[PDB]
>>> print(open('final-v8.cif').read())   # mmCIF, C-alpha atoms; chains and numbers go by the auth columns
data_input
loop_
_atom_site.group_PDB
_atom_site.id
_atom_site.type_symbol
_atom_site.label_atom_id
_atom_site.label_comp_id
_atom_site.label_asym_id
_atom_site.label_seq_id
_atom_site.Cartn_x
_atom_site.Cartn_y
_atom_site.Cartn_z
_atom_site.B_iso_or_equiv
_atom_site.auth_seq_id
_atom_site.auth_asym_id
ATOM 1 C CA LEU A 1 13.835 -225.170 67.753 0.00 1 A
ATOM 2 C CA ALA A 2 17.218 -226.834 68.086 0.00 2 A
ATOM 3 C CA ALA A 3 16.338 -230.509 67.877 0.00 3 A
ATOM 4 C CA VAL A 4 16.115 -232.908 64.957 0.00 4 A
ATOM 5 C CA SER A 5 14.882 -236.475 64.686 0.00 5 A
ATOM 6 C CA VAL A 6 14.942 -238.964 61.835 0.00 6 A
ATOM 7 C CA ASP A 7 11.928 -241.251 61.898 0.00 7 A
ATOM 8 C CA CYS A 8 12.359 -244.690 60.376 0.00 8 A
ATOM 9 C CA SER A 9 8.626 -244.778 59.766 0.00 9 A
ATOM 10 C CA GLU A 10 8.766 -242.904 56.480 0.00 10 A
ATOM 11 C CA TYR A 11 12.182 -244.156 55.435 0.00 11 A
ATOM 12 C CA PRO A 12 12.480 -247.905 56.048 0.00 12 A
ATOM 13 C CA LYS A 13 15.775 -249.746 55.772 0.00 13 A
ATOM 14 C CA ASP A 14 14.174 -251.186 52.660 0.00 14 A
ATOM 15 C CA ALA A 15 14.178 -247.679 51.237 0.00 15 A
ATOM 16 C CA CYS A 16 17.767 -246.660 50.603 0.00 16 A
ATOM 17 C CA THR A 17 19.094 -246.431 47.066 0.00 17 A
ATOM 18 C CA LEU A 18 20.458 -243.754 44.765 0.00 18 A
ATOM 19 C CA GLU A 19 19.085 -241.489 47.469 0.00 19 A
ATOM 20 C CA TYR A 20 22.197 -240.802 49.510 0.00 20 A
ATOM 21 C CA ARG A 21 22.371 -238.290 52.337 0.00 21 A
ATOM 22 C CA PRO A 22 25.248 -238.024 54.820 0.00 22 A
ATOM 23 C CA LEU A 23 24.433 -237.236 58.431 0.00 23 A
ATOM 24 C CA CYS A 24 26.194 -236.857 61.760 0.00 24 A
ATOM 25 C CA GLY A 25 25.104 -238.407 65.037 0.00 25 A
ATOM 26 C CA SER A 26 25.499 -236.980 68.520 0.00 26 A
ATOM 27 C CA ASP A 27 27.991 -239.786 69.007 0.00 27 A
ATOM 28 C CA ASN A 28 29.903 -238.414 66.042 0.00 28 A
ATOM 29 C CA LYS A 29 28.682 -241.152 63.732 0.00 29 A
ATOM 30 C CA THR A 30 28.936 -240.564 60.001 0.00 30 A
ATOM 31 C CA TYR A 31 25.775 -241.797 58.324 0.00 31 A
ATOM 32 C CA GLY A 32 25.109 -242.132 54.612 0.00 32 A
ATOM 33 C CA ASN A 33 21.335 -241.922 54.806 0.00 33 A
ATOM 34 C CA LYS A 34 18.343 -242.029 57.122 0.00 34 A
ATOM 35 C CA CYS A 35 18.384 -245.808 56.900 0.00 35 A
ATOM 36 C CA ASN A 36 22.016 -245.896 57.962 0.00 36 A
ATOM 37 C CA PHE A 37 21.221 -243.477 60.762 0.00 37 A
ATOM 38 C CA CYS A 38 18.133 -245.379 61.846 0.00 38 A
ATOM 39 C CA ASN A 39 20.264 -248.501 61.645 0.00 39 A
ATOM 40 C CA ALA A 40 22.700 -247.142 64.202 0.00 40 A
ATOM 41 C CA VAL A 41 19.917 -245.509 66.179 0.00 41 A
ATOM 42 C CA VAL A 42 18.258 -248.898 66.477 0.00 42 A
ATOM 43 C CA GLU A 43 21.539 -250.240 67.804 0.00 43 A
ATOM 44 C CA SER A 44 21.417 -247.433 70.341 0.00 44 A
ATOM 45 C CA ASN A 45 17.901 -248.377 71.376 0.00 45 A
ATOM 46 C CA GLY A 46 16.744 -244.968 70.207 0.00 46 A
ATOM 47 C CA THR A 47 19.209 -243.007 72.305 0.00 47 A
ATOM 48 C CA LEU A 48 21.425 -241.938 69.429 0.00 48 A
ATOM 49 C CA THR A 49 20.631 -238.461 68.158 0.00 49 A
ATOM 50 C CA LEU A 50 21.437 -236.380 65.101 0.00 50 A
ATOM 51 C CA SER A 51 24.211 -233.896 65.779 0.00 51 A
ATOM 52 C CA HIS A 52 23.844 -232.389 62.327 0.00 52 A
ATOM 53 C CA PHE A 53 23.457 -233.120 58.634 0.00 53 A
ATOM 54 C CA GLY A 54 26.070 -234.012 56.045 0.00 54 A
ATOM 55 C CA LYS A 55 29.286 -235.706 57.100 0.00 55 A
ATOM 56 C CA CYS A 56 30.668 -235.571 60.620 0.00 56 A
#
>>> encode(input="final-v8.cif", output="structure tokens")
Amino acid sequence: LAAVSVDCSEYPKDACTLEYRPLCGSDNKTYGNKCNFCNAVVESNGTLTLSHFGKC
């Protein structure tokens, strides 16, 4: 289907190192990883979504 979701249950903010992965939020936010995305998502209250992968 056409719907993605990054769970911060498998990738905690305490789990973000050499592993770098750019993402794009529905708000047009440029993330650097799932932690960065979950970080913003948390700030959204869980409303922020993932527009796509890579850089916005």
>>> atom_distance(input="final-v8.cif", atom1="CA of residue 18 (chain A)", atom2="CA of residue 45 (chain A)")
27.1 Å
>>> closest_residue(input="final-v8.cif", among="A:56, A:23, A:8, A:15", to="residue 39 (chain A)", atoms="only C-alpha atoms")
A:8
>>> closest_residue(input="final-v8.cif", among="A:1, A:21, A:6, A:11", to="residue 41 (chain A)", atoms="all atoms listed in the file")
A:6
>>> resolve_selection(input="final-v8.cif", expression="the PyMOL selection byres ((chain A and resi 12) around 12)", output="list in words")
residues 6, 7, 8, 9, 10, 11, 13, 14, 15, 16, 17, 33, 34, 35, 36, 37, 38, 39 and 42 of chain A
>>> atom_distance(input="final-v8.cif", atom1="CA of residue 55 (chain A)", atom2="CA of residue 28 (chain A)")
9.4 Å
>>> residues_around(input="final-v8.cif", residues="residue 25 (chain A)", least_positions_apart="4", cutoff="10 Å", atoms="all atoms listed in the file", output="PyMOL selection string")
chain A and resi 29-31+37+40-41+48-53+55-56
>>> axis_aligned_box(input="final-v8.cif", around="region 11-19 of chain A", padding_each_side="3 Å", output="AutoDock Vina command-line options")
--center_x 16.3 --center_y -246.3 --center_z 50.4 --size_x 14.3 --size_y 15.7 --size_z 17.3
